[PDB]
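In: Need a 3D model of the following:
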Amino acid sequence: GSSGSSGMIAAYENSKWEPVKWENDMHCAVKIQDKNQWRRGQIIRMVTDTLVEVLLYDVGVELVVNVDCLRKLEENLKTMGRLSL
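Out: Numbers count the residues shown, from 1 in each chain. Shown next is the structure:
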């Protein structure tokens, strides 16, 4: 037992939004409101200076969230545990 390693939500949650330019065909993590789980999305198309269209390829749902909830996909989070390129 004793299995529980919160890195994504942990790091993200603890961290705070940051001013970054979102480009097409990019990876990032969006923060849900009604829920407390960080989902990954793909920069589909920038709508406004605050809104951005992303794709939850992870699950398979096309939607658009606010850059205020968006977060840069940290490398560490990408490779949690065993590191190997």
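
In: Nearest the middle, which residue of this structure would you pick?
Out: Nearest to the geometric centre of the chain sits residue 29, at 0.2 Å (C-alpha atoms, centre = their mean).

In: which helices and strands does the strand or helix carrying it pack with?
Out: Using DSSP states H and E, residue 29 sits within strand 27-31. Judged by 3 or more C-beta pairs under 8 Å, 6 or more residues apart in numbering; DSSP states H and E, strand 27-31 is in contact with helix 8-14, strand 38-46, strand 70-72. (C-beta placed from N, C-alpha, C; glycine too.)

In: tell me the angle of the longest one relative to strand 27-31?
Out: Which is strand 38-46. For strand 38-46 against strand 27-31, the angle by axes from the mean of the first three to the mean of the last three C-alpha atoms, to 10 degrees is 120 degrees.

In: Quick check: what element follows strand 38-46 along the chain?
Out: Proceeding N to C from strand 38-46, the next assigned helix or strand is strand 51-55, under DSSP H and E.

In: thinking again about what came up before, let's have the helices and strands packed on strand 27-31 in a markdown table, adding mean neighbour count and distance to residue 59.
Out: Formatted as a markdown table, the helices and strands packed on strand 27-31 follow (neighbours: other C-beta atoms under 10 Å; distance: least, C-beta to C-beta, whole Å):
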| stretch | mean neighbour count | distance to residue 59 |
| --- | --- | --- |
| helix 8-14 | 14 | 15 |
| strand 38-46 | 18 | 7 |
| strand 70-72 | 20 | 17 |
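
In: Please produce JSON lines containing these, extended by distance to residue 21.
Out: Below are the helices and strands packed on strand 27-31 laid out as JSON lines (distance: least, C-beta to C-beta, whole Å):
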{"stretch": "helix 8-14", "distance to residue 21": "19"}
{"stretch": "strand 38-46", "distance to residue 21": "9"}
{"stretch": "strand 70-72", "distance to residue 21": "11"}
